[PDB]
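Asks: To start, I am sharing the structure in question, which I have written as structure tokens.
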Amino acid sequence: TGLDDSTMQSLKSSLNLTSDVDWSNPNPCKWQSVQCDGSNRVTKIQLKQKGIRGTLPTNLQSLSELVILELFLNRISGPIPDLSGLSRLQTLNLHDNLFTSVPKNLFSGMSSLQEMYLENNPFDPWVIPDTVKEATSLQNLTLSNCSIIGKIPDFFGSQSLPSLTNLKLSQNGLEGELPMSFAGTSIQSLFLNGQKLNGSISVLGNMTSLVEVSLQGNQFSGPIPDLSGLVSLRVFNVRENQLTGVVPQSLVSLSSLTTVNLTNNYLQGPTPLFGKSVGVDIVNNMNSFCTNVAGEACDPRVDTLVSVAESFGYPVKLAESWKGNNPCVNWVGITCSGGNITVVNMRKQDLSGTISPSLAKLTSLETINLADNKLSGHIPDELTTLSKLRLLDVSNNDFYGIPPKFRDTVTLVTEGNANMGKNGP
Ligand SMILES: *[C@@H]1O[C@H](CO)[C@@H](O[C@@H]2O[C@H](CO)[C@@H](O)[C@H](O)[C@H]2NC(C)=O)[C@H](O)[C@H]1NC(C)=O
Ligand SMILES: *[C@@H]1O[C@H](CO)[C@@H](O[C@@H]2O[C@H](CO)[C@@H](O)[C@H](O)[C@H]2NC(C)=O)[C@H](O)[C@H]1NC(C)=O
Ligand SMILES: *[C@@H]1O[C@H](CO)[C@@H](O)[C@H](O)[C@H]1NC(C)=O
Ligand SMILES: *[C@@H]1O[C@H](CO)[C@@H](O)[C@H](O)[C@H]1NC(C)=O
């Protein structure tokens, strides 16, 4: 009476059905919580929260017309079998079982899949396979707490997964950087909290459909990008990272914003002042803001030095040290003669970037040593206005252009800059 009958017997044998599930009929299309279409092919199997033990039969993918498979909150163990024959499957919900592995070709063949929830299964550790690019209808993917390792694959772009909306990969063991193909996507919910992701979060600024993002508890560094395109952003949680730099005004000014968690980073400049409808999680002293008063301006020397750090790319080493509103109190590389900043010394600090023209606003400076780094660009002419400057040593970088003329009394060391004096087109 049906092409799926024999595979359904395999399923009935491999599951220890609880007792209020009646699968006794000779016709599996009449089984409880099983649905068939007009041609007697199985289209839905929905055994929700029954605590059922057993396994999945390895011929499950023979149910080629299966559309809905919901078995979450049971105690089903063993491997998840090959699912590539389930080309009409729209929903796969297996969360909170006892499955111990996923097929290595997961997503292959699954051209109708809209949503997949596997979270909280004790899987053997696995990398998200590149066959995820075959699940071109995917909208919801929750693989949180699934023992995933490796990197986020670069297959979440729009010409692969144009419908992807809710990507939840919380509490795995992912590492590495955010994929570039996140740029231009229409992901609306991104949960990557609680693992080992690192690098820059600038790609967020090209994710203009984002409504909710949590990067909480990773190793992201660098500044928060320009977010002025994220006109629907409501929840922004980047708690417990290594973010540095000034909180951009484009984030503080988003009218859609509802909730912001910045606690436990190395953010610099003034504590930001969000709108008063915003729930704000910024606990005193758990960043590197100049004061703990939201909206309070910094000391102008602090503003100047943060601009200097900006052109170094906001290194974590400076942000961890440059705390409070007085640069004369134990800031690394900063020496003062009673209130006046007199020395900026960052020799051999692996610095990349340029020298900010703002450095010339520290008008009491007597020595600048930036030797033995990886800086480039021009030496700013504004430095020649430093009337008390006696030594500018930029040895062993990659500066170019015309070296400015300092007064007779300034010692300028530019040796080791191969392209110094080169100023052609
Ligand atoms: C994809 O995930 C979203 C959750 O972000 C689902 O939308 C929610 O569904 C629940 C049902 O459990 C409703 O109570 C919520 O009101 C929905 N929230 C919305 C619509 O913003 C959605 O159903 C999932 N599936 C698909 C196919 O999109
Ligand atoms: C992110 O910050 C928000 C805002 O401070 C936190 O939301 C608060 O959570 C507790 C729970 O009762 C209460 O202080 C308030 O009810 C919430 N305020 C709101 C919703 O505006 C939220 O807990 C933080 N998230 C994390 C993961 O730490
Ligand atoms: C994560 O999954 C494991 C099973 O591997 C489970 O014991 C644990 O409760 C899950 N954690 C959460 C927060 O659900
Ligand atoms: C980020 O993590 C990867 C993988 O562990 C590592 O190879 C890379 O050097 C890290 N990058 C940064 C900037 O920390």
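Please read every residue number as a count from 1 along the shown chain.
Every residue gets a Cβ built from N, Cα and C, even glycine.
Annotation comment: Swiss-Prot describes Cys29-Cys36, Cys290-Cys298, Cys328-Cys336 as disulfide bond. Annotation source Swiss-Prot lists repeat 'LRR 4' at 111-135, citing a curator's inference. Annotation comment: Swiss-Prot describes 161-185 as repeat 'LRR 6'. The repeat 'LRR 7' annotation in Swiss-Prot covers 187-207. Among the features that Swiss-Prot reports, repeat 'LRR 8' is placed at 208-229. What Swiss-Prot lists as repeat 'LRR 13' is 386-413.
Relative to the rest of the structure, where do these features sit?
Replies: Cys29 (disulfide bond) carries a helical DSSP state (H, G or I).
For the repeat 'LRR 4' (111-135), same-chain residues at least 6 beyond its ends with a Cβ under 8 Å from one of its own Cβ atoms are 67, 72, 87-102, 104-105, 141-153, 155, 160-161, 163, 168, 173.
Here the repeat 'LRR 6' (161-185) has long-range neighbours at 114, 119, 125, 132-133, 135-155, 191-201, 203, 206-207, 209, 214, meaning same-chain residues at least 6 beyond its ends whose C-beta is under 8 angstroms from one of its own.
Beyond the repeat 'LRR 7' (187-207), the same-chain residues lying 6 or more positions past its ends with a Cβ under 8 Å from any Cβ of the stretch are 144, 152, 156, 164-180, 213-222, 224-227, 229-230, 232, 237-238, 243.
Per DSSP, the repeat 'LRR 8' (208-229) is made up of 0 helix, 7 strand, 15 coil.
In the structure as shown, the Cβ atom of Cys298 (disulfide bond) sits within 10 Å of 20 other Cβ atoms.
In the three-state DSSP assignment, the secondary structure recorded for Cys336 (disulfide bond) is strand. Residue density at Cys336 (disulfide bond): 16 other Cβ atoms are found within 10 A of its Cβ, drawing on all protein chains shown.
The DSSP breakdown of the repeat 'LRR 13' (386-413) into helical (H, G, I), extended (E, B) and coil residues amounts to 0 helix, 9 strand, 19 coil.
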Asks: Is the repeat 'LRR 13' (386-413) packed against any residues at least 6 beyond its ends, judged by a Cβ distance under 8 Å, and which are they?
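Replies: Cβ under 8 Å, 6 or more out: 342, 347, 355, 360, 362-380, 419-423.
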Asks: Could you check the disulfide-bonded residues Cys36, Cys290 and say which one's CB has the most other CB atoms within 10 Å?
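Replies: Going through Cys36, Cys290 one by one, the largest Cβ count within 10 Å is at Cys290.
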Asks: Treating G and I as helix alongside H, and B as strand alongside E, what does DSSP give for the repeat 'LRR 4' (111-135) in helix, strand and coil?
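Replies: When I sort the residues of the repeat 'LRR 4' (111-135) into the three classes, I find 5 helix, 4 strand, 16 coil.
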Asks: How do the residues of the repeat 'LRR 6' (161-185) split into helix, strand and coil according to DSSP?
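Replies: Result for the repeat 'LRR 6' (161-185), in helix, strand, coil order: 3 helix, 5 strand, 17 coil.
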Asks: Could you round the CA separation between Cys328 (disulfide bond) and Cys290 (disulfide bond) to a whole angstrom and send it over?
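Replies: About 13 Å separate the Cα atoms of these two residues.
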